[PDB]
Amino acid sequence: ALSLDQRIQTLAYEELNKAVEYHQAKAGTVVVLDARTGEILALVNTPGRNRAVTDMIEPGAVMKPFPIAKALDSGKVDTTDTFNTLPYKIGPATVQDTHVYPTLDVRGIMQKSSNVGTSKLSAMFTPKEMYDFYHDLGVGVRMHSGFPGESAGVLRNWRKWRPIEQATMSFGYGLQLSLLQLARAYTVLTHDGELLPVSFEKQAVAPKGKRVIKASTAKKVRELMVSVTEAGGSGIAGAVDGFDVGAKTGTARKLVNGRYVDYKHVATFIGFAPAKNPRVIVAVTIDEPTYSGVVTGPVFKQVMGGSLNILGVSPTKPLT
């Protein structure tokens, strides 16, 4: 009475193992969720504990869709609004992007993964507003999936935030989530603005979402996220032939490993497809490979591609 699909589980397992071996990494995880139910279709880790659920990371750039969605959902910004995306200071700290652009619109902020752009969208909101939003996505909240050792992640009390911390949180540092929590947060994008419960049991009743953003906002964000896997986007390595894919990639950071402190870079890729009418969310992490997109994108691409095949979803465009 598990919701896991053996064919997808097997696919995930082989793709993860190939990537971990190839990049000589320390560990890895793949999660596949049903994008409209929250059921787990696959969950695999390298050998040891269930890191997908037990281990939390500072997610980095894969968090950026969320402050973007919040800004659009508020009515305060439009996708065509343009921002100064030059590096800037918060007291003595600098917020800066990997690749510097003088200005980007909201689409460009998504496409190029701008930390400056995201932090400026977040800065339109009070600490309490952003905290309440992250809390409502499930950050720092127990999913009660029925897995033991389930991490709640970390979301610090907004009464303690400095401006720099609000800023870094918008681009995924200074708060912490497990990969399963991250996949679950993505249901806000796939399930028309409502956060779904996560479950490994075959569902008998339709799950009830908790509305976080408008359906129209969720639809717009999934459209923006397509640019990420197209030419000019930071996630081109996880494009899937035949489909439009909304995705993010980034370098997450792991600061806790089981019961111990740690400090490791974690390549991450998460996304959903088909982008207009998503069926599944695939999330991948690979711990300490020895360029996030190039490491995890191929895993994401084969797991997502194979998952859509296995579920019988027709390509929305001719294969190249």
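Position 1 is the first residue in the sequence shown; the rest follow in order.
Hey, how big is the hole between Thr290 and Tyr291 in terms of deposited residues without coordinates: none, 1 to 3, 4 to 9, or 10 or more?
The entry has 4 to 9 unmodelled residues between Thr290 and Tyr291.
Give the stretch, out of 153 to 161 and 128 to 136, with the larger mean C-alpha temperature factor in the deposited entry.
Comparing averages over the C-alpha atoms only gives 153 to 161.
Which wins on mean Cα temperature factor, 254 to 262 or 44 to 52?
According to the entry, 254 to 262 carries the higher average C-alpha B-factor.
Checking the entry, which one of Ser307, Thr296, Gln24, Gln9 has the top C-alpha B factor?
Reading the PDB entry, the winner on C-alpha B-factor is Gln24.
Which of these, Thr229, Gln176, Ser145, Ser119, has its C-alpha atom at the highest B-factor, as the entry lists it?
Highest CA B-factor of the listed options: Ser145.
Quick one: classify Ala183 as lowest, middle or highest third of the chain based on its Cα B-factor.
Lowest third.
State the tercile, meaning the lowest, middle or highest third, of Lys89 with respect to the CA B-factors recorded for its chain.
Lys89: CA B-factor falls in the highest third of its chain.
Against its chain's modelled residues, does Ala206's Cα B factor rank lowest, middle or highest third?
Its C-alpha B-factor, which the entry lists for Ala206, ranks in the highest third among residues of this chain.
Of the three thirds of its chain by CA temperature factor, lowest, middle or highest, which one includes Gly233?
Ranked within chain, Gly233 CA B lands in the highest tercile.
Ranked by Cα temperature factor within the chain, is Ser113 in the lowest third, the middle third or the highest third?
Middle third by C-alpha B-factor.
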